[PDB]
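Student: Take this structure, written in structure tokens, and hold onto it; I'll ask about it next.
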Amino acid sequence: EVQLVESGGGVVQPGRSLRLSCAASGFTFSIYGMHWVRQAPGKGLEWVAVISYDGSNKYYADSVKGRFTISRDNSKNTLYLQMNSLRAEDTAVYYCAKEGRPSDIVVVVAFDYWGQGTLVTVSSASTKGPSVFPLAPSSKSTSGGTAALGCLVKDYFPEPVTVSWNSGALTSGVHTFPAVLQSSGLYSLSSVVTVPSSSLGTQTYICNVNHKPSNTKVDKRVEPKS
Amino acid sequence: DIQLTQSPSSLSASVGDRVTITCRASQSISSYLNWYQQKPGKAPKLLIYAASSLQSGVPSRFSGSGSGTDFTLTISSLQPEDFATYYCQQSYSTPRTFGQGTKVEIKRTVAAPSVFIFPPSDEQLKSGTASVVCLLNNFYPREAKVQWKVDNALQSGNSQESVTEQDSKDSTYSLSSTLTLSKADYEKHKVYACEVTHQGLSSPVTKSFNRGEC
Numbered sequence: 011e012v013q014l015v016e017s018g019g020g021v022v023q024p025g026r027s028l029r030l031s032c033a034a035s036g037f038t039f040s041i042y043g044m045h046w047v048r049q050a051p052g053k054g055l056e057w058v059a060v061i062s063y064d065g066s067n068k069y070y071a072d073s074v075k076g077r078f079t080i081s082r083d084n085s086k087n088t089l090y091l092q093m094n095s096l097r098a099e100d101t102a103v104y105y106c107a108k109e110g111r112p113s114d115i116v117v118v119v120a121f122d123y124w125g126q127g128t129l130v131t132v133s134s135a136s137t138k139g140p141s142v143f144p145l146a147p148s149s150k151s152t153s154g155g156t157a158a159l160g161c162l163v164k165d166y167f168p169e170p171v172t173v174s175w176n177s178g179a180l181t182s183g184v185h186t187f188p189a190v191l192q193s194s195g196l197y198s199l200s201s202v203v204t205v206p207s208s209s210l211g212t213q214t215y216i217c218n219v220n221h222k223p224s225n226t227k228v229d230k231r232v233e234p235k236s
Numbered sequence: 089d090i091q092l093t094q095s096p097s098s099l100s101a102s103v104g105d106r107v108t109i110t111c112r113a114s115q116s117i118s119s120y121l122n123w124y125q126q127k128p129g130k131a132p133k134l135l136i137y138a139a140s141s142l143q144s145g146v147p148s149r150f151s152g153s154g155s156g157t158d159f160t161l162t163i164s165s166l167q168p169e170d171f172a173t174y175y176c177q178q179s180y181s182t183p184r185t186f187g188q189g190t191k192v193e194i195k196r197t198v199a200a201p202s203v204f205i206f207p208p209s210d211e212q213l214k215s216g217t218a219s220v221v222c223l224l225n226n227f228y229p230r231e232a233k234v235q236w237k238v239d240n241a242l243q244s245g246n247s248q249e250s251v252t253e254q255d256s257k258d259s260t261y262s263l264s265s266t267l268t269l270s271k272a273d274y275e276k277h278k279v280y281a282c283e284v285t286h287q288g289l290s291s292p293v294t295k296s297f298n299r300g301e302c
């Protein structure tokens, strides 16, 4: 089976460098042209670069020409992308992709197999565990038989964070929103759940927030205010 | 640079519908156009290559047609696993380019949001910043308008929103909007409110509070 395992992603300061790797298996690597494609958070696919089977012809997207270098090692069956002078616009998930047919077959080029992707975040922000604050419903609320409560997961870097409720024992009505990037360079997220209004002071609701890049675990009990 | 323009940018359809997605190229590219499917957080997959050739293993309900400047991706009977984003891609010249993508979404009945507002916790105020969260829960369609007001003045440039994918159970959207301000500014105003406009609401709905549980 064809496999393309990528590695080398992470956080890089603006203006610095990073090398991405794509280890191929299950096909004759050295007779295939290979490509890099990227996708910025919430954006479309964007072609990056191509290298021919023997490494001789390389072409680049307009926005990376000069800065990025594509290369290959046909003995280790590995594709590389050296990324230099990174900007915030280079933040993206980077996929490697294999052409459908050997380079010496003259056909329409299509990308028939893709790697799983590796995330590159270009930012000067320092790693920081999130602060978890309660989104508490009002005690004297009379507006309905359902109440919403939640956790505000604020000021962490980098992505991602995991949010469960009651250690995963509560999944019905749970909405964890995509994170947003604040002007400070830190991410912010909300996870909410709707529950019976009559349950609020009786059933204990705890949001579990884990942030691997800082080894931070926070359990916040959310209770009604006043 | 050959430009690929897809249309529509998104469409809502139901299981069993015939769905058609168009891709238009800025210059003739013969049959050098491919189609890809992508699901959130997963790598793209090739569906159609060379305008109309079906990739091995891809179900026969996917077909491509067209040539020159006008191409079509057709799903003859939309299946649940077909809700996804679709991309056309030209291999006629370098650089290779992609369409902006078409999101195929689940169609359902209009549902008004339930609106909730959350004041900042006293715990957050100790750090010097205040967040005020407006939640819009389980609505359809996705389009909605959130207006923040502070002491009855319409705000702009101090909020951020985020919207979930369609819920796996009822195909509705949820939206959270956060108004952020310092503790000093938060203490200088009394009434905080978000006003929601949506197709399911006869009139806009406002959830408000007075600072200090007043």
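Heads up: the sequence lines are chains W and A, in that order. Take any residue in the first sequence, note its place counting from 1, add 10, and you have its number in our numbering. Take any residue in the second sequence, note its place counting from 1, add 88, and you have its number in our numbering. Ideal Cβ placement from N, Cα and C applies to all residues, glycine included.
(1) Which first and last residues belong to the alpha helix (DSSP H) in which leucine 213 (chain A) is found?
(2) Are the beta-carbon atoms of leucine 14 (chain W) and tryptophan 46 (chain W) separated by less than 9 Å?
(3) Would you say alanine 138 (chain A) faces chain W, with C-beta separation under 9 Å as the test?
(4) For a contact meaning CB atoms closer than 8 Å, what does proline 144 (chain W) contact in chain A?
(5) Less than 9 Å separating the beta-carbons of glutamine 126 (chain A) and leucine 55 (chain W)?
(6) Using only the alpha-carbon positions, how far apart do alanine 281 (chain A) and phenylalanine 187 (chain W) sit?
(7) Nearest to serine 119 (chain A) by alpha carbon, out of A:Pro132, A:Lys133 and A:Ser153?
(8) Run down chain A in chain order and give the residues with a C-beta less than 9 Å from the C-beta of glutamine 126 (chain W).
(9) If you run the structure through DSSP and keep just helix, strand and coil, what is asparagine 176 (chain W)?
(10) Would you please state the rounded distance, in angstroms, between the beta carbons of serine 209 (chain A) and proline 144 (chain W)? I believe it to be under 8 Å.
(11) Taking Cβ positions, are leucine 223 (chain A) and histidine 286 (chain A) nearer each other than 9 Å?
(12) With residue 238 (chain W) as the anchor, note down where its alpha helix (DSSP H) starts and where it stops.
(13) Does the Cβ-Cβ distance between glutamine 91 (chain A) and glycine 189 (chain A) come in under 9 Å?
(14) Could you give the residue range of the beta strand (DSSP E) that holds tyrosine 70 (chain W)?
(15) Within the region 117-186 of chain A, note down every full beta strand (DSSP E) run reaching 3 residues or more, in order along the chain.
(16) In chain order, which alpha helix (DSSP H) runs of at least 4 residues are fully inside the region 215-295 of chain A?
(17) Taking all protein chains shown into account, do 16 or more other C-beta atoms lie within 10 angstroms of the C-beta of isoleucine 115 (chain W), making it buried, or fewer, making it exposed?
(18) Look at the alpha carbon of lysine 227 (chain W) and the alpha carbon of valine 219 (chain W), and state the distance between them as a whole number of angstroms.
(19) Would you say the beta carbon of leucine 180 (chain W) is closer than 8 Å to some non-hydrogen atom of the ligand MN?
(20) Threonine 157 (chain A) and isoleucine 109 (chain A): beta carbons closer than 9 Å?
(21) Under the assumption that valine 279 (chain A) contacts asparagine 298 (chain A) (Cβ atoms under 8 Å), give the Cβ distance between them as a whole number of angstroms.
(22) State buried or exposed for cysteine 302 (chain A), treating a residue as buried only when at least 16 other CB atoms are found within 10 Å of its CB.
(23) Find the nearest neighbour of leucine 213 (chain A) within the set A:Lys237, A:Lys271, A:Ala200 and A:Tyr228, judged by alpha-carbon distance.
(24) Can you check DSSP and say which residues form a bridge with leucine 191 (chain W)?
(25) For a cutoff of 9 Å on Cβ pairs, would you count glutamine 13 (chain W) as touching chain A?
(26) Taking the beta carbon of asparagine 226 (chain A) as the centre, do at least 16 other beta carbons fall within 10 Å, making it buried, or is it exposed?
(27) For a contact meaning CB atoms closer than 9 Å, what does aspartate 72 (chain W) contact in chain A?
(28) Need the endpoints of the beta strand (DSSP E) that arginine 106 (chain A) sits in, please.
(29) Counting only Cβ-Cβ distances shorter than 7 Å, please list the residues of the region 286-302 of chain A near chain W, keeping chain order.
(30) Cβ closer than 8 Å: which chain A residues qualify as neighbours of residue 254 (chain W)?
(31) As a quick exercise: from W:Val184, W:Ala158, W:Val118 and W:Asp64, pick the residue whose alpha carbon is nearest that of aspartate 83 (chain W).
(32) Using a Cβ-Cβ distance under 9 Å, would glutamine 192 (chain W) count as near chain A?
(33) Determine the contact status of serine 200 (chain W) and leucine 159 (chain W), defining contact as a CB-CB distance below 9 Å.
(34) Considering only DSSP beta bridges, list what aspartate 229 (chain W) is partnered with.
(35) Could you check how far apart the C-beta atoms of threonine 101 (chain W) and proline 223 (chain W) are, in whole angstroms? I think they sit under 8 Å.
(36) Can you tell me where the beta strand (DSSP E) with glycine 160 (chain W) in it begins and where it stops?
Tutor: Inspection of the coordinates gives the following:
(1) 210-213
(2) no
(3) yes
(4) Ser209 and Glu211
(5) yes
(6) 21 Å
(7) A:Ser153
(8) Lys130 and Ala131
(9) helix
(10) 5 Å
(11) no
(12) Because chain W here runs from 11 to 236, residue 238 (chain W) falls outside it and cannot be looked at.
(13) no
(14) 68-70
(15) 121-126, 133-137, 150-155, 158-163 and 172-178
(16) 271-275
(17) exposed
(18) 6 Å
(19) As far as ligands go, the structure on display features none, and thus does not contain the ligand MN.
(20) no
(21) 6 Å
(22) exposed
(23) A:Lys271
(24) W:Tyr197
(25) no
(26) buried
(27) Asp89 and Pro183
(28) Taken as a continuous stretch (DSSP letters only), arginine 106 (chain A) belongs to no beta strand (DSSP E), as it is neither H nor E.
(29) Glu301
(30) The shown model of chain W, from 11 to 236, leaves out residue 254 (chain W), and the question about it has no answer.
(31) W:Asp64
(32) yes
(33) no
(34) W:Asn218
(35) Contact flag wrong, Cβ pair sits at about 16 Å.
(36) 156-166
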